[PDB]
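So the chains spell out like this:
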Amino acid sequence: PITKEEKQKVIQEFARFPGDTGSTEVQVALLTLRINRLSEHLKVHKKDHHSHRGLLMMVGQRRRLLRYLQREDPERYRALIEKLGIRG
Amino acid sequence: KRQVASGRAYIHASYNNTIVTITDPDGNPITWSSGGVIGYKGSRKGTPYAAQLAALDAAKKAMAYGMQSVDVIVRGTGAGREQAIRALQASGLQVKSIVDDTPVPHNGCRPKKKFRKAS
Amino acid sequence: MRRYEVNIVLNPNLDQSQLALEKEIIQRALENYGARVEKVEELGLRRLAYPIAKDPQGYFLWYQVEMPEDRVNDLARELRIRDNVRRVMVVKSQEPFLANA
Amino acid sequence: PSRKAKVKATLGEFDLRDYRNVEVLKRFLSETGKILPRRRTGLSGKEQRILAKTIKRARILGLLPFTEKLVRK
RNA sequence: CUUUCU
RNA sequence: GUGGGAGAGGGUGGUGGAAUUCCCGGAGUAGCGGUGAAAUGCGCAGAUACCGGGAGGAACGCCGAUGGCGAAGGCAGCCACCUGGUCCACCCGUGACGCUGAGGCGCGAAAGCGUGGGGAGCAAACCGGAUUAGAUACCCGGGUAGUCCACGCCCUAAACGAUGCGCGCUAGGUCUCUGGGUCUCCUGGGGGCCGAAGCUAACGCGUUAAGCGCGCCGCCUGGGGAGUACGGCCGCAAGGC
Ligand SMILES: [Mg+2]
Ligand SMILES: [Mg+2]
Ligand SMILES: [Mg+2]
Ligand SMILES: [Mg+2]
Ligand SMILES: [Mg+2]
Ligand SMILES: [Mg+2]
Ligand SMILES: [Mg+2]
Ligand SMILES: [Mg+2]
Ligand SMILES: [Mg+2]
Ligand SMILES: [Mg+2]
Ligand SMILES: [Mg+2]
Ligand SMILES: [Mg+2]
Ligand SMILES: [Mg+2]
Ligand SMILES: [Mg+2]
Ligand SMILES: [Mg+2]
Ligand SMILES: [Mg+2]
Ligand SMILES: [Mg+2]
Ligand SMILES: [Mg+2]
């Protein structure tokens with residue numbers, strides 16, 4: 001489970017500025033947390049499909065955001081990735 | 001034969017035949033009877049009458065052993081059931097109690113087709 | 001980490017030595033799994049609603065504790081080993097839900 | 001026809017989640033260890049729901065029965 | 001029990 | 001985002017009691033069983049009925065709903081862990097980042113298939129007993145695959161609301177599940193019933209539209225021949241598209 005703190009350390013880590021919780025980087029940031037967390041859970045439980053449908057969604061919701069970013073501030077984009085590890 | 005006075009009267013009622021078994025205070029059978037035990041050979045072993053005869057048979061046979069008081073234990077949901085319960089009462093034996101203990105699965109084995117289709 | 005209610009029912013025929021014997025254990029078991037121990041209640045001998053292990057009674061235990069989620073199952077695994085330990089039931093601790101009040 | 005009291009009416013405040021309070025939990029069982037219907041436990045969809053799971057907990061601990069023998073008849 | 005056809 | 005909420009949503013581990021079967025001990029005797037009635041069958045190598053002990057497989061009474069969860073298929077004993085969705089309040093953050101979706105990929109009841117394991121109960125096939133004009137059936141006694149687990153495959157269905165997805169607009173009443181509030185009521189999400197306008201061949205539908213509109217996909221074009229043939233793709237096969 002992602003602890004509140006766990007999450008917080010992440011948001012602050014990305015917020016484009018103090019209080020920035022809903023920015024596209026924070027989001028792509030947060031989502032990426034859940035995804036990697038979900039993937040680990042799925043390596044074990046290869047048969048837990050309902051969860052995996054949940055995964056498929058997060059991933060889509062991500063690339064969609066990322067896409068928006070690359071379509072606006074390609075730098076932020078090119079940066080958001082390198083900082084994370086997406087497209088790896 | 002071995003004086004037991006009080007004991008248990010197990011009635012095993014059903015759609016195909018009733019059968020009673022008088023036991024000693026702790027489960028061991030003193031004597032038993034059934035619809036077959038008596039005359040009736042097939043279709044009517046179930047009839048409530050037969051149930052009466054059997055119960056009555058079971059009593060006598062058991063009173064001879066010194067019986068004269070029983071806690072009845074009803075099992076199965078067939079005809080003649082409630083009838084034998086009355087029988088044992090009209091018999092010598094004193095019916096000190098009555099208890100339906102028909103077993104029922106908290107859902108275990110797939111019943112025969114004859115009993116399925118229900119849910 | 002997280003609160004739990006470790007319920008334990010053990011053989012109702014122990015001499016004061018055999019009793020404290022299994023308790024000294026239940027304890028260690030707990031300590032072996034970083035399980036801290038908050039308030040406890042010991043009702044001991046009680047009349048079960050059904051024969052447990054052929055025996056018509058049981059000595060009850062109840063430990064409210066705070067332990068690591070990653071090891072609540074093992075805590076149980078371990079606990080169960082004892083022959084005098086008849087039942088172990090750990091439970092995540094929920095607030096009360098008073099009714100008719 | 002169910003026209004008497006409810007295991008709730010005839011009683012006061014209690015912790016529906018308390019699986020050890022055998023005293024009051026019993027009240028919610030039939031003449032047999034069967035869990036009473038909300039129809040007569042007076043509870044509510046939600047409360048009746050929690051009871052069901054609490055009673056089931058007590059049963060495993062052996063505080064409450066799974067089934068009882070019907071007397072009389 | 002089953003219990004066809006016109 | 002923050003704070004809250006309900007749930008048989010999913011995966012793994014463990015665990016409880018009822019019942020059936022078998023085994024062991026006790027007690028006990030002549031039948032039990034099954035049916036419209038019977039017979040096959042089981043029982044003196046002692047069955048049936050009864051008490052005690054054990055083993056094992058499968059399923060989880062009451063709660064239970066007229067209920068809840070999931071995209072669907074589906075999902076209910078209890079405990080822990082792991083994980084998906086979702087709703088409400090606060091208006092706090094980004095700033096149209098949206099909708100739909102050919103193809104692709106994934107999931108997908110039952111039966112079925114492969115390898116291994118398991119097998120209590122039930123039961124295609126089958127072995128018999130009845131019924132009958134016959135009875136390759138319905139009824140009765142047996143019974144194998146299978147049903148259960150793992151891993152791999154198959155991918156169908158009355159896979160049904162026989163109703164694609166999203167958004168906006170158009171009387172209310174009543175019952176209910178779940179949240180919020182100033183809580184004999186207001187408001188939000190879900191499930192039902194009745195109904196305004198309107199729609200419909202009719203039946204019916206009616207803020208959970210089958211009404212009034214926009215966007216995108218899919219599909220239909222008389223019946224039989226036929227979901228057949230051929231071809232192609234998929235599959236170990238059955239067979240699927
Ligand atoms: Mg704002
Ligand atoms: Mg701005
Ligand atoms: Mg597009
Ligand atoms: Mg399938
Ligand atoms: Mg299958
Ligand atoms: Mg197979
Ligand atoms: Mg059979
Ligand atoms: Mg035949
Ligand atoms: Mg048959
Ligand atoms: Mg309404
Ligand atoms: Mg309220
Ligand atoms: Mg509504
Ligand atoms: Mg409503
Ligand atoms: Mg009209
Ligand atoms: Mg008309
Ligand atoms: Mg209507
Ligand atoms: Mg044609
Ligand atoms: Mg080929």
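- For chain C, the PDB entry supplies the name 30S RIBOSOMAL PROTEIN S6 and the organism Thermus thermophilus.
- As deposited in the PDB, this entry carries the title "STRUCTURE OF THE THERMUS THERMOPHILUS 30S RIBOSOMAL SUBUNIT IN COMPLEX WITH A MESSENGER RNA FRAGMENT AND COGNATE TRANSFER RNA ANTICODON STEM-LOOP BOUND AT THE A SITE AND WITH THE ANTIBIOTIC PAROMOMYCIN".
- You can read under Sequence similarities in the UniProt record for chain C the words "Belongs to the bacterial ribosomal protein bS6 family."

- If you look chain B up in the PDB entry, it shows as 30S RIBOSOMAL PROTEIN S11 from Thermus thermophilus.

**So, the protein's contact with RNA strand F**
Okay, step 1: The local shell around RNA strand F holds 90 residues, among which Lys-7 of chain A, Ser-34 and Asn-107 of chain B, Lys-54 of chain C together with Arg-49 of chain D are the closest.
Okay, step 2: Restricting the count to atoms of RNA strand F within 4 Å of the protein gives a sugar and phosphate share of 77%.
Okay, step 3: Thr-21 of chain B places a side-chain nitrogen or oxygen 2.7 Å from a sugar or linking oxygen of RNA strand F.
Okay, step 4: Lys-113 of chain B is positioned with one of its backbone polar atoms (N or O) 2.9 Å from a phosphate oxygen of RNA strand F.
Okay, step 5: Here the element with the most residues in the surface near RNA strand F is helix α3 (residues 45-61) of chain D; it accounts for 9 residues.
Okay, step 6: Split into classes, the residues belonging to the surface near RNA strand F amount to 30 nonpolar, 27 polar and 33 charged.

**Thoughts on the arrangement of the chains**
Okay, step 1: Inter-chain contacts occur across 2 pairs of chains; the most extensive set of contacts lies between chains C and D.
Okay, step 2: Spatially, chain A and chain D are disjoint, and the shortest separation between their C-alpha atoms is 25 Å.

**Focus on the interface of chain D and chain B**
Okay, step 1: With 6 residues of chain D at the interface, the matching set in chain B holds 9 residues.
Okay, step 2: With both sides pooled, the region where chain D packs onto chain B buries about 630 Å², and carbon together with sulfur makes up 54% of that total.
Okay, step 3: For chain D, the biggest contributors to the area lost against chain B are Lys-69, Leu-70 and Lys-73 of chain D; these three give 76% of the whole.
Okay, step 4: Across the contact surface, chain D and chain B share 1 salt bridge.

**As for the sheet that holds strand β2 (residues 36-46) of chain C**
Whenever strands of a sheet pair, they do so through backbone hydrogen bonds, lying parallel or antiparallel.
All names here are of chain C.
Okay, step 1: Pairing is antiparallel in the open sheet, where 4 strands are placed in the order β2-β3-β1-β4. Each edge of the sheet is formed by a strand with only one pairing partner; in this case those strands are β2 and β4 (85-89). Taking each pair of neighbouring strands and ignoring which way they run, the sheet shows an average axis angle of 15 degrees.
Okay, step 2: Examined bridge by bridge, β2 and strand β3 (residues 58-67) share 7 bridges and lie antiparallel to one another. From the neighbouring strand, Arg-36 faces β3, where its bridge partner is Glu-66.
Okay, step 3: This element, helix α1 (residues 16-32), spans β1 (2-10), β2 and β3 of the sheet and lies at about 20 degrees to β3.

**Looking at the packing of aromatic side chains**
Okay, step 1: On inspection of all chains with the given rule, the structure shows 3 aromatic pairs over all chains.
Okay, step 2: Between the aromatic rings of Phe-14 of chain D and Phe-28 of chain D, the centroid separation amounts to 5.5 Å while the plane-to-plane angle is 50 degrees, which identifies the pairing as tilted. Note that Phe-14 of chain D is positioned in strand β1 (residues 14-15) and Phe-28 of chain D in the loop between α1 (22-26) and α2 (38-41), a separation of 14 residues in sequence.
Okay, step 3: We classify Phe-28 of chain D as buried; its relative accessible area is 0%.
Okay, step 4: The ring of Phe-14 of chain A has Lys-83 of chain A lying over it, and the distance from NZ or CZ to the ring centre is 4.6 Å.
Okay, step 5: Across from the ring centre of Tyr-19 of chain D, 5.5 Å away, lies the NZ or CZ of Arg-57 of chain D, which sits over that ring.

What counts and how
- All residue numbers given refer to positions from 1 along each chain's written sequence rather than to the entry's numbering, and residues for which no coordinates exist are omitted.
- Working convention: letters from A go to chains and numbers from 1 go to ligands, in the order in which they are written.
- Taken together, the chains in view make up part of a larger assembly, and the values describe this part alone.
- Excluded from the side-chain calculations are hydrogens and water; all other atoms, namely the structure's heavy atoms, are used.
- UniProt positions are given in the numbering used here, feature names are shortened, and annotations may be inferred rather than shown by experiment.
- Proximity criterion: a residue is near a molecule or strand once any of its heavy atoms comes within 4 Å of it.
- For this analysis, a polar contact is any N or O atom pair within 3.5 Å, provided that within protein one partner can donate a hydrogen and the other can accept it, and provided that sequence-adjacent residues contribute only side-chain to side-chain pairs.
- Here a helix means four or more residues in a row that DSSP labels H or I, a strand means two or more in a row labelled E, and each is numbered from the N terminus.
- The nonpolar class holds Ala, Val, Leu, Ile, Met, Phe, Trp, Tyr, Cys and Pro. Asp, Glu, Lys and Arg form the charged class, and all remaining residues, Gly among them, are polar.
- Any two residues having at least one pair of non-hydrogen atoms within 4.5 Å are treated as being in contact.
- Simply put, the buried area is the total loss of 1.4 Å probe accessible area from both parts when two parts are fitted together.
- Here, a salt bridge means any side-chain nitrogen of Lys or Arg that lies within 4 Å of a carboxyl oxygen of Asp or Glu.
- A pair of strands is considered paired only if DSSP assigns at least 2 bridges between the two.
- All axes are obtained by fitting lines to C-alpha atoms, using only the stretch in contact for helices, and the reported angles, taken between N-to-C directions, cover 0 to 180 degrees.
- Ring pairs are drawn from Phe, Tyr and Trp, using the six-membered ring of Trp, whenever the two centres fall within 6.5 Å, and their geometry is named by plane angle: stacked under 30 degrees, edge-to-face over 60, tilted for the rest.
- Exposure categories follow from relative accessible area, calculated using a 1.4 Å probe and restricted to protein chains: below 20% of the type maximum is buried, above 50% is exposed, and the middle band is partly exposed.
- Distance and angle both matter: a charge sits over a ring if NZ of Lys or CZ of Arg is within 6 Å of the ring centre and within 35 degrees of the ring normal.

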